[PDB]
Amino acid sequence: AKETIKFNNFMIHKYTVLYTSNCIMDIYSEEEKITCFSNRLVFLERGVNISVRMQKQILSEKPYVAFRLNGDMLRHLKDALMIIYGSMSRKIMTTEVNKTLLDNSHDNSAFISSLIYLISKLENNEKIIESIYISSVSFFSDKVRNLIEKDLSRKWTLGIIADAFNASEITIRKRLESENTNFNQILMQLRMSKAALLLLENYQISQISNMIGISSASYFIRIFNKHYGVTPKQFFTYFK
């Protein structure tokens, strides 16, 4: 009912640590599945587009508490953990209740220390550090993403990106297909992630379409309902 939701194409654009205060979710890959339980912390690699089926316990509250890491913060944490330490199961990893998490979020300096501390206290840290390092790599898809990000309003083509990257169209094609993506999908993922964030933020549908680059908001509603499978209102009400 109103406790359960099933949205697809969920892109972890930044490395996200995720509690499960008010939800039991099943995270789906193209071939794998990971069930996150309630009162547990989950580490999510950046660059992971996935489908989630959630089960809220209380209908009135948000399903979970999430914390994102900037690219900047992700590279400093990677460098710090490398100084210190020297498949879907590798990219999404849940753990036991910290039982002592005390929530920072405004002083990276204090935050990065606490994150290093939590990782050091956790077990099986090799895979956590591995996910950190992997998510700290600027793949070719990330560079095209950064390019498009500057003007989501602008209508891009493969030739524009190719000229910007000083390459041929087929080169960009095969690079993105080896990254398991494409230019159109990259663009859509960026726009729809910004749209979801803005929905849970204080733009609204009347202007989110324009902010992300779509002129007509009805087309944006249909495109959101296609990408995530949930109408923008259902997405808003499940996280409210």
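From 1 onward, residues are counted along the sequence shown.
- In the deposited sequence, the stretch from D103 to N104 hides 4 to 9 residues that have no coordinates.
- Stretches 169-177 and 26-34 differ in mean CA B factor, with 169-177 having the higher one.
- When all modelled residues of the chain are sorted by CA temperature factor, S60 is found within the highest third.
- In the deposited entry, the Cα temperature factor of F67 places it in the middle third of its chain's modelled residues.
- Remark: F183 belongs to the highest third of its chain, ranked by C-alpha B-factor as recorded.
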